[PDB]
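What follows is each chain in one-letter form.
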Amino acid sequence: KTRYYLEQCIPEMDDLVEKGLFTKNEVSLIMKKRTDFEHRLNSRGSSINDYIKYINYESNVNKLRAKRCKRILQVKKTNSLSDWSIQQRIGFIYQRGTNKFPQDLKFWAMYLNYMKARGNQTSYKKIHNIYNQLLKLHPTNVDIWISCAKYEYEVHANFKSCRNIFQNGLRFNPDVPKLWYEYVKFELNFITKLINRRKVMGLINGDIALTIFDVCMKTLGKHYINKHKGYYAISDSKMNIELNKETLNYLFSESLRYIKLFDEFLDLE
Amino acid sequence: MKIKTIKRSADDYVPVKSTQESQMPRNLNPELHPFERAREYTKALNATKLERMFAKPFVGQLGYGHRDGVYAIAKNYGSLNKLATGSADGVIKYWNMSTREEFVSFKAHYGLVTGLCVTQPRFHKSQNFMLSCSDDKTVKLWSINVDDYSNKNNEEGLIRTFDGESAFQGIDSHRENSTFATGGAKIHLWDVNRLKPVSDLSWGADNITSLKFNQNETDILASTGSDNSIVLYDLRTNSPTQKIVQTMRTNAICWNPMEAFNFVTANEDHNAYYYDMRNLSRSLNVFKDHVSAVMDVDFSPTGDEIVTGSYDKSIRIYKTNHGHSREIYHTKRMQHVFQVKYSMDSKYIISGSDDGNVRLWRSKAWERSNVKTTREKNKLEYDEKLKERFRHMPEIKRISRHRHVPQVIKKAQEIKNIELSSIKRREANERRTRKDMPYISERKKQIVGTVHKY
Amino acid sequence: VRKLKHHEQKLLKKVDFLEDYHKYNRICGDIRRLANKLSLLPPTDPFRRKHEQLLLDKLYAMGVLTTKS
Amino acid sequence: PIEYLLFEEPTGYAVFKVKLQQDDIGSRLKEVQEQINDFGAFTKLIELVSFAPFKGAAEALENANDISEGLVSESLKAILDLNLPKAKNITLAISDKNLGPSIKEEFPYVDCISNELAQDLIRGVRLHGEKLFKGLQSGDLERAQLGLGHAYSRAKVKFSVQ
Amino acid sequence: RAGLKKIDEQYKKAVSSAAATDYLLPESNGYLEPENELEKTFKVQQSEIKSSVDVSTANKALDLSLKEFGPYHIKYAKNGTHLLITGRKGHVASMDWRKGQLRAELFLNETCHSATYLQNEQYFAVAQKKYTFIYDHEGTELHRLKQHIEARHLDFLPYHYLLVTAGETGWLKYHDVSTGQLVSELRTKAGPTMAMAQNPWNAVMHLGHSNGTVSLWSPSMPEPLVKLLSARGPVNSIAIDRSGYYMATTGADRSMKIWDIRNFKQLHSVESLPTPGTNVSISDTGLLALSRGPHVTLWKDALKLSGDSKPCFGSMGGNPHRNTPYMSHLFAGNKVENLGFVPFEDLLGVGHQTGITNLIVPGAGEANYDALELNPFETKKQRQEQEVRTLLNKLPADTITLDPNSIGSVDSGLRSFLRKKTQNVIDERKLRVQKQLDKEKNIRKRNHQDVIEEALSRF
Amino acid sequence: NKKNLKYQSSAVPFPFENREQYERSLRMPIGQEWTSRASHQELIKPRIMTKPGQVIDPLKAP
RNA sequence: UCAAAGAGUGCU
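Residues are labelled from 1 along each chain in written sequence order, independent of how the entry numbers them, and those without coordinates are excluded. Lettering of chains starts at A and numbering of ligands starts at 1, both following the order in which they are written. Remark: the chains included constitute part of a larger assembly, and values are reported for the included chains only. Each side-chain value is derived from all of the structure's non-hydrogen atoms; neither hydrogens nor water enter the calculation. Residues with missing side-chain atoms are left out of burial classes, side-chain pairs and their counts.

By the method listed in its record, cryo-EM, this PDB entry was determined to a resolution of 5.96 Å.

This is the structure we're talking about:
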């Protein structure tokens, strides 16, 4: 269905010629590169780099159209299909590459970053959708889940949703101390802003993390026991003592980071 | 001086990759593509032949069938793979047609099974229910275990029996509510949670042979009488509404699922009549390609197509706006068709005959049930419209219209045509002299009278 | 051409256009026609009987007929 | 009426979405059956949406025992809830009828399917194996099966290095 | 009215879609316009143009000199990939000019007047004297046609898979390659066929004869659809533009005529020619090529109704209305046997006794080729489906019509003797009763539409 | 030049209500060799459709 | 090697 994709490019090509931004020969050259890429994308041996090589191409075309808009038309935005045609295409390139190659966490990353950058053009709901699928394909990668929890606590400052992410993550991957480490950091990120807000409130007029800390050891200890043990329980008593020791030493060292984490927080007791 | 010459970039036309698809240049200038009309005709004429060699309607039969002739078929309007079938032996069967086996087999009545309908009784997922009526003067509600869902894990067998003073000859269920109607010596409205008939409907003393509830305006009911009459009822008033007395008896009815006010009737004059509820003085359409009495008729859930079963050992399936059958299904082993019904996905036809076999037929003989590629669907989609464009071409008509019809039906038709010509010459001869003849519309000859004039 | 698929075979047939003994087949047939024409001529006129005998002798001189026939 | 499919692997749990529902009328005809064998046709039926690898060897055996007894593990309860919509009732295909009641208890909003139509899809998911994962890291199933085999087998016997 | 409007709107959407594809077309044709008005397109020499074009284009331009069996008639495959040249004394070689690989060579020492590919490069026919010979891809002869005798002209219809031959016998042989059977034999009754041509638009053959009348011929039809004489002298060659609208001819009396096939009207007549044209060719772009003795002169924008578009040799005081030759080229000490445009290529072929050479001409070839019809880049595997799918879509000979659009319109013992008497007396009774009906039918029309005699009218 | 009876429609095909309507469609080509890929999907598209394996539940109250 | 013809594999 190579022609189907090329045909959707015809209306904007006509708009470019109609507005005078690009001449017919110049517009013809653009289509030639688009046609060559589309065959590369739809063929066998297509790799994620082909999406990346294409995705950069219309990005450059987008810049030139913007410059020629000011250079010829002397208009910031000409009300026609050309303005949003490329950006709609860019998202339309990304979703195929992500669907074709859900493995490449790198390609997911540009897709979110490209889209977060154009916040006005792309609603936050769609960014939530992409994270939903991205989280949904890779539940075991902590780096993803703190990423979506992050986007909603700075751009949106929704602690309820951000709580639900770190909340839901510890269920899927309770073994990773890092996600425990960040959730406690988020929990004390939250309390200080309220207390600082309370201090500001007075001027113009916590234990919850410890429970997360307490429950952190119980899960991590259990998981550290499951490993270094394999399928089967360890018959020898001395090893069973030893396996306790590594869990202990593991469960001391994790606690020692949390002692360091509190130090940065001056307001809290 | 200024010169440019046509220049090919070898990389563009021949990809550097062995795996990359070669660029597929197209130019839509009509001069590049001569003989526009001839090529489409040849593709049309080629498509029509291919349709014939691929016309493969029979798929299989349901298990081992019934012991005595099959005389009642009911589809589960909520599940695809499920039928309720009955035979005059007194046995009723509930089928898993996807596996072409029986869920369960039950000896319901001492006498003949004269009606069968599947319901969802609302007693005041894992089990399905069906209602059977017979000439032994009882109606029995049954329960069958089904394997649609595994959310549980029994009580399979008779649940309730309704005794009647007279024999029952038809049964159907109201779609929304548990109430069901039985057609005996009197048309009776029944409730599941009441053993006696809740309401007595009857225009007069004449019996009722068949009945069918509405699907869209479900409060309306139609029934057929042995006095060559069709009776309409409405439950919101709990009274009959209309009758028209017909020349011949009507054996079965089906109401159009897409038009609430439209219905078709299977008639005894080798015809099936399409009716409009509000003005029944005439018919909407007439279907006249059978040579024996039409026993059953069913509307497709698409609402655009109708299938008729007749006593002449054939199943004809007609377009709603066209008065002649587009297809015939027949077999040596099929003895008499009494029930024709549609798979409610509209892709298959379930038929029952007195040989005891319940058969699956394809609505589209040439179509195939596999999932097709995006390319594949386009070409099949191409042939249909191209055939649609060139339907009346002389060669395409000959190949498309040609069917292998059994010797007995063709002989009946050619005899049938002779009398009609023999009749037609006769009034034409009379028309030369007798002054006052009203031309009788073909849509109005078969009505005898209507009680309520309009 | 490439081997046509099953449906292609049904749609189109006999499209495969565009030691040899054709010369000898022509001789064998050409003799057969000559013998037939001689038979058509009546049984009594002397001309063919000289001729058919000449054909028997002419063929025998070669070895195509191992014996008189 | 099938929308979601639960498949279960040695490397992990895999949930599928059913884009197209195969003709349930004509399930036994050859042409639809050949589609199950054919990868191109089957990819049009379903597409992978979840894969949650097990953390390691120990957790796999614990699930291998739970699934054998038709029980829902914590890892299993994780992947379903993240995926199945709360919703009338979402329909899920599972190879085991015994596992059905367990899923229903945990999630009242899901109705389980184990009919031959579900079995047909489960067979084809299994037929293509890692091909349907579109390259998602599933290890190697044939090796992983053999390890869980000694692990699942030996557990019931209570063999020991003693 | 609304239904008619919706049908028109659907058509207007189709042309709009066709306009959309016009942007998709990859490249454009060539041009050749001077910087300075003094510079003339006819003044420019080919030696200057060959320098201008690319080295690859220089390699594409192919010139081979060989005298062994001269002269050589050149024919270009419809796709333009494979070249067939047939020597007058009898050497024919099948080869692809781009590849540089000779495909098959025949050294037969019999006078061959013309040759051509039939359906693909693989199968081609060479016209030997007094018979027609078909030669396989390998070069082996697959068959000899006894029905086709002593013909100089070989035509083939890609869509109808039919070969046409013309001879002094006057008999037109119509042979279908797929069925391997001769469709029909017809005698023109116009005498020997000096000129032969095909019109792609309607696939209607064009022939020239001594009277000069041109008779249009169809396989289905017994007698000529139209007969028109452009020139007093015999027409030595007939050319038909790619669109099929325009038709150009060369009479033996030096007089040129440009015609239009649809309206059957004569566009332009030229008698100022020094000598009768050996050959005529029309480009896919519409440019006409005329070869006269050793001079070949080309006119741009010739196929137009306007008088200023009329071709004119040189110019009369640089008059704008006068249309100068787009290019004028002369081969000294040489003669042009035939002219052939290189399909899908910006070149013109010219055949001689010295050899075969290609002349590069900006704008001569089509700018963009539709690959579904023909691809120069078709691999071997695609081509074998191309013939298969084209076989599946073979056009029957009967479908040939003057206008393609018109098609599809809407317009015992005693018992047997005693039996014979009964079927008779039945038959007369039928024949009498219709008279009574006919007579009664006459009465209704009549009804619908001396004093003494009036006194006596009653009696 | 008499026109051949073989290639003549016996009657105006449905759904067209007049003779002149039928020639207009014959002028308009359906083939992809003369129509764009997108324009084919609209001309080619059949009136009636369906999805395999699903209930075509009859019309609800409008 | 090209050159023409088969029969399987991978994959859209």
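On we go.
**A word on the overall build of chain F**
Worth spelling out the cut-off: Helix numbering and strand numbering both begin at the N terminus, where a helix is a DSSP run of H or I of at least 4 residues and a strand a DSSP run of E of at least 2. To get the radius of gyration, use the C-alpha atoms; to get the globule rule, take the number of residues to the power 0.38 and multiply by 2.2 Å.
Helix and strand counts for chain F come out as 2 helices and 0 strands. Computed over its C-alpha atoms, the radius of gyration of chain F comes to 18 Å, more than 25% above the 11 Å expected for a compact globule of 62 residues. With respect to the three principal axes, the spread of C-alpha positions in chain F is 60 × 30 × 20 Å.

**Thoughts on the overall build of chain A**
Each helix and strand counted, chain A has 12 helices and 0 strands in total. Its helices and strands in sequence order give chain A the pattern α-α-α-α-α-α-α-α-α-α-α-α, from N to C terminus. The globule rule puts the C-alpha radius of gyration for 269 residues at 18 Å, and the 26 Å found for chain A is more than 25% above it.

**Considering the UniProt feature "repeat: HAT" in chain A**
All names here are of chain A. This is how the line gets drawn: UniProt positions are given in the numbering used here, feature names are shortened, and annotations may be inferred rather than shown by experiment.
Within this numbering scheme, the UniProt entry marks residues 85–117, 122–154 and 157–189 as carrying the feature "repeat: HAT". In this annotation, residues 85–117 is assigned 88% helix and 0% strand; the end-to-end C-alpha distance for the span is 17 Å. With 82% helix and 0% strand, the stretch residues 122–154 has end C-alpha atoms that lie 17 Å from each other.

**Examining the sheet that holds strand β4 (residues 82–87) of chain E**
Adjacent strands of a sheet form backbone hydrogen bonds with each other and so pair up, either parallel or antiparallel. Residue and element names in this part refer to chain E. Put simply, the test is: Pairing between strands is defined by DSSP: at least two bridges between the two strands are required. Axis angles are defined between N-to-C directions and span 0 to 180 degrees, where every axis is a line fitted to C-alpha atoms and, for a helix, only to the segment in contact.
Strands sit in the order β3-β4-β5-β6 across an open sheet of 4 strands; the sheet is antiparallel. Edge strands, defined here as strands with exactly one partner in the open sheet, are β3 (72–76) and β6 (101–106). Ignoring strand direction, the axes of neighbouring strands in this sheet form an average angle of 15 degrees.

**Some remarks on the interface of chain B and chain E**
One frequently used descriptor of interface size is the decrease in accessible area upon assembly of the parts. Keep this limit in mind: The contact definition used throughout considers only heavy atoms, calling two residues in contact when any of these lie within 4.5 Å. Residue classes follow a fixed rule: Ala, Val, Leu, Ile, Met, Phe, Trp, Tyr, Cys and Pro count as nonpolar, while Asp, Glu, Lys and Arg count as charged, and any other residue, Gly among them, counts as polar.
Taken together, the 11 residues of chain B in the interface contact 17 residues of chain E. Class assignment for the residues of the side of chain B that touches chain E results in 6 nonpolar, 1 polar and 4 charged. Across 3 bridges, the pairing between strand β1 (residues 2–4) of chain B and strand β1 (residues 31–33) of chain E is antiparallel. Among the inter-strand pairings, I3 of chain B is bridged to a residue of β1 of chain E, identified as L32 of chain E.

**Regarding the sheet that holds strand β17 (residues 229–234) of chain B**
All names here are of chain B. With antiparallel pairing, 5 strands are arranged side by side in an open sheet as β15-β16-β17-β18-β30. At either end of the open sheet lies a strand with only one pairing partner, and these are β15 (208–213) and β30 (447–450). Along the sheet, successive strands turn relative to each other by an average axial angle of 25 degrees, direction set aside. Two strands pair when backbone bridges link them, and β15 and strand β16 (residues 220–225) are joined in this way by 5 bridges, in the antiparallel orientation. The residue of β16 that forms the bridge with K212 is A222.

**A look at the pairing of strand β12 (residues 162–167) of chain E**
Residues and elements named next belong to chain E. Sheet topology places strand β11 (residues 151–157) next to β12; 6 bridges connect them, and they run antiparallel. Bridge pairing in β12 links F156 to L163. Hairpin connection, β11 to β12: the antiparallel pair is bridged by 4 residues, and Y161 has positive phi, about 55 degrees. Summarising the sheet, β12 and strand β13 (residues 171–176) pair through 4 bridges and their orientation is antiparallel. Directly across from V164, in β13, lies its bridge partner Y174. What sits between the antiparallel neighbours β12 and β13 is a turn of 3 residues, in which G170 has the positive phi angle 85 degrees.

**As for unusual backbone geometry**
The omega torsion across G70 of chain E and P71 of chain E is -5 degrees, close enough to zero to call that bond cis. Turning to its location among the elements, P71 of chain E is positioned in the loop between β2 (63–65) and β3. In this model, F14 of chain F is joined to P15 of chain F through a cis peptide bond whose omega is 0 degrees. Summarising the element assignment, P15 of chain F is placed in the segment before α1 (19–27). Look at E155 of chain B: it is not a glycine, yet its phi comes out positive at around 55 degrees. In this structure, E155 of chain B sits in the loop between β9 (138–145) and β10 (157–163). One non-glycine residue, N228 of chain B, lies in positive phi territory at about 60 degrees. Here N228 of chain B lies in the loop between β16 and β17.

**Here we look at the pairing of β16 of chain B**
Residue and element names in this part refer to chain B. Linkage of β15 to β16, two consecutive antiparallel strands, is achieved through a turn of 6 residues. With 6 bridges joining them, β16 and β17 adopt antiparallel strand pairing. For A222, the partnering residue across the bridge sits in β17 and is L232. The hairpin turn running from β16 into β17, its antiparallel successor, is 3 residues long, and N228 in that turn takes a positive phi close to 60 degrees.

**Here's the deal with the arrangement of the chains**
Contact analysis covers 10 pairs of chains in contact, and the most contacts occur between chains B and E. At their nearest point, the C-alpha atoms of chain D and chain E are still 23 Å apart, with no contact between the two. Note that chain C does not reach chain F: the shortest distance linking a C-alpha of one to a C-alpha of the other is 20 Å.

**Notes on helix α6 (residues 116–128) of chain D**
Since one α-helical turn is 3.6 residues long, residues separated by three or four positions face the same way. Threshold: By definition here, a helix of n residues has an expected span of 1.5 Å times n minus one.
Here α6 of chain D spans 19 Å end to end across 13 residues, near enough to the 18 Å set by a 1.5 Å rise per residue. Taken from the residues just after α6 of chain D, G129 of chain D is the one with a positive phi, measuring 60 degrees.

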